[PDB]
C-alpha cells in the first residue's frame, strides 16, 4: 500500500540530476532545500544551546519548557556523508517540546572528508561525554537514551554494542543501516526512484564513507556483532525500503538474544519519512514520532 502521492514527491527530473552529482555538491543542494523548508515551520519556545566538545564536534542541546528527567542522544542520518544537526532541527524540536525530553543532537564527521571510522569515534566520544557530564544538566545516567535514523541508527546501535558496561536505557532505531554486505530480496524489490533510497545512490555513500567482505566489520554492519547485549529497543521503519530485510534480520537477532523489541513498520511511507514532519501532508511522520515519545516516556 505505498502511498500514491509519493512518486511525484520523491522522483523528479531535478532529483534524478542531483543524485548523480558529487556527494559534496549534493550535500549543499539538499541542505539548502531542507533549511528553507524548516524555516517555514513555527518553532516551540524551547532553549537551544550548542556545546563544542574537545574533539571539535558539536552537541546541540534542546531543553524542554517543563521539568524533565530524560536525555536522548540523537544522531542524524544522511549516509554518513550528508545532512547536519540543522537539517534535523524540526524533528528534535518536536521530540523536545511534545515529549518533554532533553535532546542532544550530534554534529559528527562526514565522508568523504572524514571517512570511516571518524563517525563511529565521534558517536562514542559524544556518548561518553554525555554519560560523564549528565549531572551538569540535572539528569542521571539511568535516564540516557540513544536515537538515530539510517546511518544515525547505525551509529547509535554501535554505541550500545561497544558500551556493554554502561548501556543506554533504551535505543530507538529509525530505519537503521545494519547490514551493508548481504543482498536481500528488498535490495532489488525496492530499488526504484519512487522509493527514494536506491542502490545506485547508496553506493556513492559507501564509497565516500568507507573508501566488499570489508563490509562485514561490526562497526560498519552491526548485524555482525557477536556475543553482545542490547537494551530495550524500538525499531521504526518503512516497509518499502531496500534496507528493510536487513532491519527484519536485526529485529530477529535481538529478539533471539533476549532483548525486548517493539516495532513500528509503516507500510505506506518511504525511507526518510520522519524528516517530512510538518512539510509533507501526511500524518505518518507525527504518528511515528508520537510512538517514539510514548516508548521513551514509559521508561
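Numbering follows the first chain given and starts at 1.
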Open item on the list: Please classify the unmodelled stretch of the deposited sequence between residue 211 and residue 212: none, 1 to 3, 4 to 9, or 10 or more residues.
Closed with: 4 to 9
Task: Greater mean Cα temperature factor according to the PDB record, 234 to 242 or 62 to 70 - done: 62 to 70
Task: Greater mean Cα temperature factor according to the PDB record, 128 to 136 or 84 to 92 - done: 128 to 136
Open item on the list: Can you tell me which of 122, 169, 163, 183 has the maximum CA B-factor listed in the PDB entry?
Closed with: 183
Open item on the list: Highest Cα temperature factor in the entry, among the options 34, 26, 257, 263: which one is it?
Closed with: 257
Open item on the list: Among the modelled residues of this chain, does the Cα B factor of residue 104 put it in the lowest, middle or highest third?
Closed with: lowest
TODO: Among all modelled residues of this chain, ranked by Cα B factor, put residue 220 in the bottom, middle or top third, i.e. lowest, middle or highest.
DONE: middle
TODO: Grab the CA temperature factor for residue 177 from the record and place it in the lowest, middle or highest third of its chain.
DONE: middle
TODO: Taking the values exactly as deposited, rank residue 48 by C-alpha B-factor within its chain and report the matching third: lowest, middle or highest.
DONE: middle
Task: residue 113 by Cα B-factor - lowest, middle or highest third of the modelled chain - done: middle
